[PDB]
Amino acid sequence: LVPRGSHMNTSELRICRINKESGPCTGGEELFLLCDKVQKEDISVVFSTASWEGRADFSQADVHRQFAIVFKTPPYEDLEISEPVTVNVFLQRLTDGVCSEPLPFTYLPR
């Protein structure tokens, strides 16, 4: 249980890979990631930078066999970015608030 900023990381949570490494900063994009076992009712997907945060949207039914998650990306803080912006994407358990190591995802200009 290692400290990572304001939250705590655990090896118990892990994203193996996101289907796509980039997408529009507008958000609302349907994506999916591969991960280790997760509780469909106690999990979330977060996007963030050292000062911003945004939760992806998905329902419990979007948690395929506990090893994958289909979700809709949140729009990036600034929709007027002129350059690519690669943020962190990680898993976060809702109960204890523990997280997994992050994976890169770069938002693209409109």
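All residue numbers are counted from 1 along the displayed sequence.
On average the C-alpha atoms of 57 to 65 have higher B-factors than those of the other stretch, with 44 to 52 and 57 to 65 being the two compared.
Comparing the deposited coordinates for 100 to 108 and 4 to 12, the stretch with the larger average C-alpha B-factor is 4 to 12. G27: CA B factor lies in the middle third for its chain, per the PDB record.
The entry lists a Cα temperature factor for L79 that places it in the highest third of the chain's modelled residues. Per the deposited record, the Cα B-factor of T86 falls in the lowest third when ranked against the other modelled residues of its chain. In the deposited entry, the Cα temperature factor of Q92 sits in the bottom third of values across the chain's modelled residues.
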